[PDB]
Each structure stands twice: as C-alpha cells, then as structure tokens.
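Single-structure report; data block below.
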Ligand SMILES: Fc1ccccc1[C@H]1CCN(c2ncnc3[nH]ccc23)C1
C-alpha cells in the first residue's frame, strides 16, 4: 500500500492521473520523482522548468555542480540527485527530443532507467516540448517499465485521450 490517490490502473504496474506533477510531488513526497531532463540538466521549461521553479532554483544549482564534475548525460541516460522539497530523490531522465532530431528508439532506453527504482512518480518521457507522440510514450512505458510507476499528465484533454486510446 502506498499514498498515491485517484489514479486509474492501466496494467499490473502502471497507473495514470490527470495531475500537475509539481503538486502531486508536494502532496505525496514520493521516494522518487522523475524529471524530464536534458543532457545539460538545464531546467528551463516543460516539466523540468516547473520542478526546478518549485525548488526555488535549488535543483538547478545542484545540477550545475553535477555537470561541472561529470559532464553531460547521454540521451537515454539518467542520474539520481536530490528531490529537494518535492521528493527524497529526483531521477533526471533524458528522453530523446524530437525537436532536436534525436532517435525515438532511445525512448525505450530512457524508460529502462525507471526499473532501478521500485516506485516512481513520473511524467511521460519525451512528451510535451520534447516533441514525441504521448500515446507512443505511454506504450513504451507500459512495455518497458516493470516497477511501479505513477504517471502524472498535466493536460486534461491529453489524459482523456491517453486513457480512451489505451490498448
Ligand atoms: F513539456 C514537456 C517536456 C518533457 C516531458 C513532458 C512535457 C509536457 C507533457 C506533460 N507535462 C507535465 N506533466 C505533469 N506535470 C507537469 N507540470 C508541468 C508540466 C507537466 C508537460
């Protein structure tokens, strides 16, 4: 039993809700919140900009030190950093950005990072400003993640479309 409330169950391990991931994280304080990161951990917009804003820029400060030490992530890769006031940990995961020409096949590799964590609150990878089809992202999520994932979808119209079209 966990504290996630109001989710629709899609499969044995995948759950979905129309929710602002920032507000959901503040309420649940999950062990892991996933950020829709880029390789430079520059949290300017989309989910990343919103999560970082909610940390009063502490996420960005921590991220800049991470990059100065380690260099950029790989597309499809991840790193674990602090969750600040939102979660115990933040798993920064880099899905391919279609608006940069990145290979959509890397979306499966990106979701594989979730399997290192028993339970996660997450957005749909590569959706939103990353330019991928969110229906496809949900399909890859369900077919790749084996741990327990609670997906927050900000847009109500998109949420209804994802549910109604789910096979
Ligand atoms: F822009 C993006 C970049 C990368 C991945 C996804 C997006 C879109 C699609 C879903 N998404 C969100 N989902 C849940 N909570 C949210 N809070 C603020 C934004 C947001 C924004």
Determine, from the Cβ-Cβ distance of residue 146 and residue 23 and an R0 of 30 Å, the FRET efficiency 1/(1 + (r/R0)^6), rounded to the nearest 0.05. 0.65
Order of 7-17, 123-133 by packing, highest average Cβ count within 10 Å first? 123-133, 7-17
For the chain, what relative contact order do you get, as a whole percent, if you take Cα pairs closer than 8 Å and at least 6 residues apart? 29 percent
I'd like the distance separating the alpha-carbon centroids of the stretch 15-34 and the stretch 68-130, in whole Å. 15 Å
Which whole number in µm²/s is D for the chain by Stokes-Einstein, with the Kirkwood Rh taken over Cα pairs at 20 °C and 1.002 mPa s? 137 µm²/s
In nanometres, the difference between 0.36 nm per residue of separation and the alpha-carbon distance of residue 85 and residue 2 is 28.0 nm
Inter-label distance for residue 13 and residue 62, nm, one decimal - labels placed 7 Å from Cα along Cα-to-Cβ: 2.5 nm
Ellipticity estimate at 222 nm from DSSP helix runs (n ≥ 4, -39,500 (n - 2.57)) divided over the chain, nearest 500: -10000 deg cm²/dmol
Between residue 103 and residue 53, what is the label-point separation in nm under the 7 Å Cα-to-beta-carbon projection? 3.5 nm
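In this analysis, Cβ positions are derived from the backbone assuming ideal geometry, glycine residues included, and neighbour counts consider all displayed protein chains. Read-outs: derived from the displayed coordinates by stated rules, not from any lab.
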